[PDB]
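Peer 1: Experimental structure and its sequence below.
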Amino acid sequence: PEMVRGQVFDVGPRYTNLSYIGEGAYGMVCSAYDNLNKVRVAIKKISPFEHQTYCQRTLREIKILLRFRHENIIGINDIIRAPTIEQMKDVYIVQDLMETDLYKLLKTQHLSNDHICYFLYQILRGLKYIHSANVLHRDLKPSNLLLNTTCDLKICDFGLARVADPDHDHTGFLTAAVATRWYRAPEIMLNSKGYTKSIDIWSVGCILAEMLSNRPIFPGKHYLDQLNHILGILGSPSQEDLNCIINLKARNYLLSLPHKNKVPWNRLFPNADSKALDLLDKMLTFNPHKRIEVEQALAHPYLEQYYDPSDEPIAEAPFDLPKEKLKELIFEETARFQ
Ligand SMILES: N#Cc1c[nH]c2ncccc12
């Protein structure tokens with residue numbers, strides 16, 4: 001086989017010329033030359049079968065990415081597994097090679113308002129599709145957004161995606177957790193298991209702010225610190241927002257806090273397009289019910305020059321196990337690439 005860093009990467013013969021790109025996932029990601037398509041591709045190696053949770057995230061993701069077909073969602077071009085379940089140690093997900101991601105890009109570049117508008121548009125275009133299939137991404141963040149050399153954007157990492165379940169959304173104060181802290185909607189830390197689409201919009205809202213300033217807008221250092229960050233900018237929620245929080249621990253935590261007034265975005269972002277600040281405003285709304293939805297976000301004037309519903313597709317149809325059957329389902333699900 002071939003070896004990258006110091007580890008076996010068994011993707012011959014079609015995929016050659018393996019350069020190390022990074023970690024994440026259940027480990028290694030590499031560029032490789034796809035001999036059949038004569039193009040370099042990304043290959044991530046997964047060894048998930050040791051604990052159930054990785055078999056779950058790997059399964060969720062493969063199931064979803066196979067069903068999705070969208071310019072702004074990453075997709076899977078190939079999967080390399082052993083020919084028998086007994087011999088299957090690893091799964092190799094083959095995907096398109098992308099120059100960078102929004103995380104790296106933000107660390108080094110000032111984005112123009114045109115790149116911001118186009119990036120945002122693409123995010124929302126992709127998100128519209130995902131939501132229309134009734135799936136939530138639940139972990140949108142700049143590192144989960146990949147750009148190619150031509151600034152084409154693709155959402156990746158559906159490891160934590162769930163099917164939307166707004167009826168089953170409620171939970172107690174501080175019940176936690178799992179999605180990246182900085183991009184978590186405030187109701188995750190109060191009264192939501194994050195089963196509503198409004199959860200993603202918040203994230204996109206946080207991504208938009210990060211694009212305006214190259215800094216995360218709510219860099220809370222720990223669980224509850226996140227909330228005072230958010231509250232610090234948006235201000236104390238009103239009477240009506242509070243009433244929507246029936247859970248007493250959460251509501252009384254909010255009441256115990258000192259009054260903070262709203263900081264206007266134009267003060268936080270003096271150079272930004274005012275249309276962007278308006279949309280920003282509607283996305284980072286404390287009350288998730290009052291929070292804008294993806295299709296109104298698309299129709300917002302800030303996006304006017306890209307907005308075209310006939311070129312913004314929706315899915316043609318919508319959407320607790322031992323790691324044994326999981327390994328077995330993964331095998332069954334990866335069969336079509338044998
Ligand atoms: N995971 C994953 C990736 C899928 N495509 C990629 N391109 C550059 C870097 C990482 C990837």
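Peer 2: That came in fine, so what should we check first? Numbers count the residues shown, from 1 in each chain.

Peer 1: Please verify my assumption that residue 189 contacts residue 225.
Peer 2: No: using CB atoms under 8 Å, residue 189 is not in contact with residue 225; the gap is 9.9 Å. Using the backbone N, CA and C atoms, a C-beta is placed for each residue, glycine as well.

Peer 1: And those two? Which one has more around it.
Peer 2: Here residue 189 and residue 225 are compared on neighbour count by other CB atoms under 10 Å; more neighbours surround residue 189, at 23 against 14.

Peer 1: dump the residue contacts of the more buried one.
Peer 2: Residue 189 makes contacts with 174, 223-224, 226-227, as judged by CB atoms under 8 Å, 6 or more residues apart in numbering.

Peer 1: So which bits of the longest helix belonging to the chain are buried?
Peer 2: For the chain, the helix that runs over the most residues, judged by DSSP state H, is helix 113-132. For helix 113-132, the neighbour count (16 or more other CB atoms under 10 Å) marks 116-132 as buried.

Peer 1: Skipping adjacent residues, who's closest to residue 323 in space?
Peer 2: What sits nearest to residue 323 in space, not counting adjacent residues and going by CB to CB, 6 or more residues apart in numbering, is residue 52, at 4.4 Å.

Peer 1: Quick one: neighbours of that neighbour, just the number.
Peer 2: Neighbours of residue 52 under the rule other CB under 10 Å: 18.

Peer 1: in terms of contact, does it touch residue 324 like I think?
Peer 2: No: between residue 52 and residue 324 no contact is recorded; they are 9.3 Å apart, counting by CB under 8 Å.

Peer 1: Please name the residues that touch the most centrally placed residue in the chain.
Peer 2: Central residue check for the chain by CA atoms, centre = their mean: the C-alpha nearest the mean position is that of residue 140, 2.5 Å away. For residue 140, the contacting residues are 123, 127, 155, 183, 200, 203-204, 207, by CB under 8 Å, 6+ apart.

Peer 1: near the ligand, which residues of the stretch 151-300 of the chain show up?
Peer 2: Those residues of the stretch 151-300 of the chain that sit near the ligand, judged by CB under 6 Å from any ligand atom, are residue 156.

Peer 1: Break down the stretch 151-300 of the chain into its helices, ranges please.
Peer 2: With DSSP state H, counting those that start in this stretch applied, the stretch 151-300 of the chain shows helices at 198-213, 225-234, 239-243, 248-256, 265-268, 274-283, 294-298, listed in chain order.

Peer 1: so can I have TSV of those helices showing distance to residue 59?
Peer 2: Listed next are those as TSV, based on distance: least, CB to CB, whole Å:
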stretch	distance to residue 59
helix 198-213	21
helix 225-234	29
helix 239-243	37
helix 248-256	33
helix 265-268	40
helix 274-283	31
helix 294-298	26
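
Peer 1: Could you say which one of those helices comes nearest to residue 334?
Peer 2: When the helices of the stretch 151-300 of the chain are ranked by proximity to residue 334, the top entry is helix 198-213, at 27.5 Å, counting by CB to CB.

Peer 1: got the buried residues for the closest one?
Peer 2: Counting neighbours by 16+ other CB under 10 Å, one finds that the buried residues in helix 198-213 are 198-212.

Peer 1: So which elements touch it?
Peer 2: Packed against helix 198-213, as judged by 3 or more CB pairs under 8 Å, 6 or more residues apart in numbering; DSSP states H and E, are the following elements: helix 102-108, helix 113-132, helix 274-283, helix 294-298.

Peer 1: Whatever residue of the chain ends up closest to the ligand: helix or strand, and which one exactly?
Peer 2: Nearest residue of the chain to the ligand: residue 42, at 3.2 Å (CB to the nearest ligand atom). Using DSSP states H and E, the element containing residue 42 is strand 39-46.

Peer 1: Next secondary structure after that strand?
Peer 2: If you walk from strand 39-46 toward the C-terminus, the next helix or strand you reach (DSSP H and E) is helix 52-67.

Peer 1: and whichever helix or strand comes after that next one, which strands flank it?
Peer 2: Scanning the chain past helix 52-67 towards its C-terminal end, the next helix or strand to appear is strand 78-80 (assignment: DSSP H and E). For strand 78-80, the paired strands and their directions (DSSP bridges) are strand 91-96 (antiparallel).

Peer 1: And the ligand, is the strand it pairs with touching that?
Peer 2: Yes: for a cut-off given as CB under 6 Å from any ligand atom, strand 91-96 has contacts with the ligand, namely 95-96.

Peer 1: That strand vs strand 39-46, what angle?
Peer 2: Relative orientation of strand 91-96 versus strand 39-46 (axes from the mean of the first three to the mean of the last three CA atoms, to 10 degrees): 150 degrees.

Peer 1: Show residues contacting strand 91-96.
Peer 2: The list of residues contacting strand 91-96 from outside it, by CB under 8 Å, 6+ apart, reads 9-11, 15, 34, 41-48, 58, 62, 74-81, 148, 154, 156, 330, 334.

Peer 1: Can I have the buried ones of the residues you listed as a ChimeraX selection?
Peer 2: Buried members of the contacts of strand 91-96, defined by 16+ other CB under 10 Å, are picked up in ChimeraX with:
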select :9,11,15,34,41,42,43,44,45,46,48,58,62,74,76,77,78,79,80,81,154,156,330,334
